[PDB]
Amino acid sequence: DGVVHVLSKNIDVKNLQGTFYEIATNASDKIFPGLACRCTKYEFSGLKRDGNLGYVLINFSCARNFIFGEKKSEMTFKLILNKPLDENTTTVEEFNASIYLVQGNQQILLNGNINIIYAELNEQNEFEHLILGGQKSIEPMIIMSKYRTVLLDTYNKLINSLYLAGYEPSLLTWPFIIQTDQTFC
């Protein structure tokens, strides 16, 4: 029925810090091709608190494209957890947030329900791979990773996560999954 559910629960938001490189996106006009230019990169601030409200900043940037004439690009997002977070814990049962475009002290609400679908920790308890998506299989979906490239082994595991989460098999193939160019970055 296309309803996607979260796979990775009881996530530690303190670990939600550092740089992640976009590996692939789906073809939602909300994020594609705008957020899928070459060398696309996401820096996460890690948890900040505004009382019982938890949130995280994301700095997006990507490189120019000579053959397409596109200049380089950068913008900032804020992810606000929809459920209050206790001031005694940095762990949420599921990561469900609203997303804002931010500039200076201005913010504009983009979407009320962005989820961390899947999250994998390496052997040092740092995030290796993150998948972000909506509540339906045709809403924006992004695969990002700690390194610019992943082995084929790894990529097929990440695609299998989307299947287990409820994405239909015919959506898990091009032109509905598109890989981001990370060469020469």
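One rule holds for the numbers: they count along the sequence shown, beginning at 1.
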Mean Cα B-factor check, 138-146 vs 59-67, entry values; winner is 59-67
Look over 164-172 and 9-17 in the entry and identify the one with the greater average Cα temperature factor.
9-17
Just to confirm, going by the entry's C-alpha B-factors, which of 114, 85, 80, 101 comes out highest?
85
Give the position of residue 43 by CA B-factor within its chain, expressed as the lowest, middle or highest third.
lowest
Residue 96's Cα B-factor: lowest, middle or highest third of the chain?
middle
Where does the C-alpha B-factor of residue 51 rank in its chain, lowest, middle or highest third?
highest
Compared with the other modelled residues in the chain, in which third is the CA B-factor of residue 121?
highest
